[PDB]
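Virtual Cβ from ideal backbone geometry, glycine too; neighbours counted across all protein chains shown. Please treat every number below as a calculation from the coordinates, not as lab data.
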Protein chains: 2
Amino acid sequence: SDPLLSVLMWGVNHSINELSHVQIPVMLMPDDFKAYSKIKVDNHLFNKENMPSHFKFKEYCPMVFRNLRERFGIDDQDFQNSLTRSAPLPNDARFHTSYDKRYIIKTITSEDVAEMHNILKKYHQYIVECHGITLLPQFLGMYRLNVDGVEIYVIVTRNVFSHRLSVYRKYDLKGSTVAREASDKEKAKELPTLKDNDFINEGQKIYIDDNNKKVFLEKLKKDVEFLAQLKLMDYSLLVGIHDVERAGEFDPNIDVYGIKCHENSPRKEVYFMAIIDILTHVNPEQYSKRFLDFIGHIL
Amino acid sequence: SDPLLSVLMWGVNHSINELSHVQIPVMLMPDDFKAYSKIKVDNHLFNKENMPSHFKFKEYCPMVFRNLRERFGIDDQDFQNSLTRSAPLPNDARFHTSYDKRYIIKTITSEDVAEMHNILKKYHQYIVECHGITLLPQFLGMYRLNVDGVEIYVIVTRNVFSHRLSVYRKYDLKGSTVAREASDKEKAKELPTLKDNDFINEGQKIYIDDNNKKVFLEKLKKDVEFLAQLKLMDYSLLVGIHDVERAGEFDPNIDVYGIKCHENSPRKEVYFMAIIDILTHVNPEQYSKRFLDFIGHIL
Ligand SMILES: CC[C@@H]1C(=O)N(C)c2cnc(Nc3ccc(C(=O)NC4CCN(C)CC4)cc3OC)nc2N1C1CCCC1
Ligand SMILES: CC[C@@H]1C(=O)N(C)c2cnc(Nc3ccc(C(=O)NC4CCN(C)CC4)cc3OC)nc2N1C1CCCC1
């Protein structure tokens, strides 16, 4: 056990238990976007084996994230279990993934937390309008952890990749002018992280039918315009391919970002694509177009 | 809902959930008697309907009371349910009783808390030696509650009376020289609180067989010597009678203080007797003898 993780599991557990008692209305009030719950814990000569002795836990806008979870088809108990039944696994910007591979837990700066607060209402409204059908990150919770001296902020999102089906290739696409190539140290890992020019060079094709491709690009258009209108940029399209003839039917209700290949595909492939890395604030305007140009071409 | 109660239920719930994860050894260490766990909670614009916005909860020596509960045959989950499933009921020195009538919850002074800390180790050792078979109060938990401005201390004990069988008469016996009579305002309540001279005047007899009477007085002797040796005094014998031919078999494993009447008793009676009010610190020495003289006579 690493203390900051134990506090997170402890905290998510506590937070979801509290909410289970709250009466949940259909609507959020404007105050729900300014809300939080803090808990400070001090154990003197008690419970040394599991928890640290002195820790704080803060949940931002618990009602908003409760409402978002349900809008994204996530039940609070399942969300609880996925984060609590067993520890989240590391990858060390480092991230953790829930033991069941459903959720990602990433450390963010206080600046990112400030930007999240800044866009949360508009983000929530967007999710309402598109009925939760989007390629944007699905934000599920946001927390502050303190363990004697160290303060960190985390956000929780839905995993873009599958919780069963492995992924043998991964891309990260921005469609920028500034030459985007991968480095060689990455290449030597179980799954590297290829970039723009690796794609427009290793002759990578995505075999999805002309309907699936139409829906996707329509979504992508709306999402990216929303991102641009908030003056956000430097986001990527995360692309991940699962070869069936290596490890292939999936659950579209769990692996919500999956798209099957069309019938004429050279190999049985499942694609996982969504937008990631949205919280940084040449400009945002053309970045969106430049992003849309690129993806329209490569797909 | 009265806020201080909600905090207590909340707090007992939280505390028992924490312990459920702790590995419980057979032995307590000396540090366990100096231990505690504090939790401070701040909700900003959140959860107004159930909890107060700002409260603190402190549990003293959680390991000791965990150990005592089990020694008194109380399971932590049942204890939890009894205090949490529905609110405790008032009687307003005021007290509350769990909704299932199993437990008493009384407010105490910081001075009482200090005295409890002072005697807890010796008290625990006494419970070990008598294998939990005693007429002393069964202390099950001790807490501090804060709700914005107001700080209170509570202790939890097992109810001397039954959780089913009603009680139509109640005495409170010290066996003092100083004339002990009841007042008339008490008499007009559903169950008054009669005192020494009400007993040695209304010709009250306790019809228990000569064996039951032998065991009881032996216990009483040991208990009271223990109390005296801690320089404690001003405790009473709480006596409560249940007439079967008004409202009578009981569970000796729940109503642990009950004694059936012998076969020749004029009416079918069940007696509930135990020591109460021990935490005040002419002297303690003879008070014990004086107490023992009286009870030997009246029983
Ligand atoms: C909130 C961060 C952001 C985001 O916005 N969302 C929505 C997101 C959703 N899902 C994922 N999923 C994964 C993305 C990359 C990897 C990956 O690179 N895995 C390798 C596997 C082999 N080896 C152990 C080394 C690492 C694994 C993922 O989950 C299995 N990542 C997301 N990211 C990324 C993660 C942190 C920065 C970008
Ligand atoms: C920790 C306080 C102390 C103690 O040490 N123990 C062990 C204790 C264990 N059990 C009890 N039980 C009851 C004792 C008295 C009464 C009683 O007087 N009830 C009336 C009933 C009708 N009406 C609503 C008005 C009040 C009810 C009890 O439980 C049903 N009391 C105890 N007391 C006493 C309680 C506070 C001071 C003395």
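Can A:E218 be described as over 19 Å from the mean Cα position of the chain (by Cα) and in a loop (DSSP other than H, G, I, E, B)? If you could, list the steps in order and put the result at the bottom.
Details: over 19 Å from the mean Cα position of the chain (by Cα): yes; in a loop (DSSP other than H, G, I, E, B): no.
Spelling it out, it is not the case that A:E218 is over 19 Å from the mean Cα position of the chain (by Cα) and in a loop (DSSP other than H, G, I, E, B).
Tell me yes or no: at least one residue of region B:179-187 is polar (S, T, N, Q) and either away from ligand 2 (no atom under 11 Å from the Cβ) or in a helix (DSSP H, G or I) (or both). If you could, list the steps in order and put the result at the bottom.
At the first step, the residues of region B:179-187 found to be polar (S, T, N, Q) are B:183.
Remaining after also requiring either away from ligand 2 (no atom under 11 Å from the Cβ) or in a helix (DSSP H, G or I) (or both): B:183.
Yes, because at least one residue in region B:179-187 is polar (S, T, N, Q) and either away from ligand 2 (no atom under 11 Å from the Cβ) or in a helix (DSSP H, G or I) (or both).
Residues checked against (1) in contact with a strand residue (DSSP E or B) (Cβ under 7 Å, 6 or more places away or on another chain); (2) crowded, with 16+ Cβ neighbours inside 10 Å:
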site: B:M63; (1), (2): no, yes
site: B:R66; (1), (2): no, yes
site: B:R69; (1), (2): yes, yes
site: B:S82; (1), (2): yes, yes
site: B:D92; (1), (2): no, no
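So in region A:91-109, with the set limited to residues that are farther than 15 Å from A:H163 by Cβ and of a type in the set (S, T, N, Q), which one is farthest from ligand 2 (Cβ to nearest atom)? Explain how you work it out, then say what you get.
We begin by selecting, within region A:91-109, every residue farther than 15 Å from A:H163 by Cβ; these are A:91-95, A:106-109.
So of that shortlist, the ones also of a type in the set (S, T, N, Q) come out as A:91, A:107, A:109.
Values: A:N91: 55, A:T107: 49, A:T109: 52 Å.
Per the criteria, the residue is A:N91.
How many residues does region A:147-168 hold that are in a strand (DSSP E or B) and within 11 Å of ligand 1 (Cβ to nearest atom)? Before you say what the answer is, go through the steps one by one.
Taking region A:147-168 as the starting set, the residues that turn out to be in a strand (DSSP E or B) are A:147, A:150-158.
Filter again for within 11 Å of ligand 1 (Cβ to nearest atom), leaving A:154-158.
Summing the residues that are in a strand (DSSP E or B) and within 11 Å of ligand 1 (Cβ to nearest atom) in region A:147-168 gives 5.
Take the residues in region B:20-59 that are among the polar types (S, T, N, Q) and either at the interface with another protein chain (Cβ under 8 Å from one of its Cβ atoms) or at positive phi (or both), then tell me which one is surrounded by the most Cβ atoms within 10 Å (Cβ to Cβ). Reasoning before the result, please.
Filtering region B:20-59 for residues among the polar types (S, T, N, Q) gives B:20, B:23, B:37, B:43, B:47, B:50, B:53.
Filter again for either at the interface with another protein chain (Cβ under 8 Å from one of its Cβ atoms) or at positive phi (or both), leaving B:23, B:37, B:43, B:47, B:50.
Details: B:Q23: 6, B:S37: 24, B:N43: 20, B:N47: 19, B:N50: 12.
Checking each candidate, the answer is B:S37.
Would you check if B:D2 is exposed (fewer than 15 other Cβ atoms within 10 Å of the Cβ), more than 7 Å from every other protein chain (Cβ to nearest Cβ) and of a type in the set (D, E)? Explain how you work it out, then say what you get.
Values: exposed (fewer than 15 other Cβ atoms within 10 Å of the Cβ): yes; more than 7 Å from every other protein chain (Cβ to nearest Cβ): yes; of a type in the set (D, E): yes.
Against the criterion (exposed (fewer than 15 other Cβ atoms within 10 Å of the Cβ), more than 7 Å from every other protein chain (Cβ to nearest Cβ) and of a type in the set (D, E)), B:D2 qualifies.
Mind telling me which of the residues A:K38, A:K106 ends up being basic (K, R), under 16 Å from A:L4 (Cβ atoms) and touching a strand residue (DSSP E or B) at 6+ places or on another chain (Cβ under 7 Å)?
Values: A:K38 fails: under 16 Å from A:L4 (Cβ atoms).
From the options A:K38, A:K106, the qualifying one is A:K106.
Search region B:108-120 for residues being crowded, with 16+ Cβ neighbours inside 10 Å and not hydrophobic (A, V, I, L, M, F, W, C), and hand back the single one that is farthest from B:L28 (Cα to Cα). Spell out how you get there, then give the answer.
Step one: of region B:108-120, the residues crowded, with 16+ Cβ neighbours inside 10 Å are B:108, B:112-113, B:115-116, B:119-120.
Within this subset, residues satisfying the condition of being not hydrophobic (A, V, I, L, M, F, W, C) are B:112, B:115.
Working: B:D112: 23, B:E115: 20 Å.
The residue in question is B:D112.
Checking A:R246 against (1) within 23 Å of the chain's Cα centre (by Cα); (2) within 16 Å of ligand 1 (Cβ to nearest atom), only one condition comes out false. Which one?
Among (1) within 23 Å of the chain's Cα centre (by Cα); (2) within 16 Å of ligand 1 (Cβ to nearest atom), A:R246 violates only (1).
Please list, ordered by first then second residue, the pairs with beta carbon atoms under 6 Å, 6 or more apart or interchain, first in region B:183-202 and closer than 19 Å to B:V167 by Cβ, second within 9 Å of ligand 2 (Cβ to nearest atom) and assigned to a loop (DSSP other than H, G, I, E, B).
Partner pairs satisfying both residue conditions: B:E186/B:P192; B:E186/B:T193.
Within region B:5-19, take every residue that is among the aliphatic types (A, V, I, L, M) and within 22 Å of the chain's Cα centre (by Cα) and give me the one that is nearest to the other protein chains (Cβ to nearest Cβ). Talk me through it step by step, then tell me what you get.
From region B:5-19, those among the aliphatic types (A, V, I, L, M) are B:5, B:7-9, B:12, B:16, B:19; that's our starting set.
If we keep only those that are within 22 Å of the chain's Cα centre (by Cα) too, we end up with B:5, B:7-9, B:12, B:16.
Working: B:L5: 15, B:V7: 13, B:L8: 16, B:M9: 11, B:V12: 14, B:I16: 13 Å.
For region B:5-19, the residue satisfying everything is B:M9.
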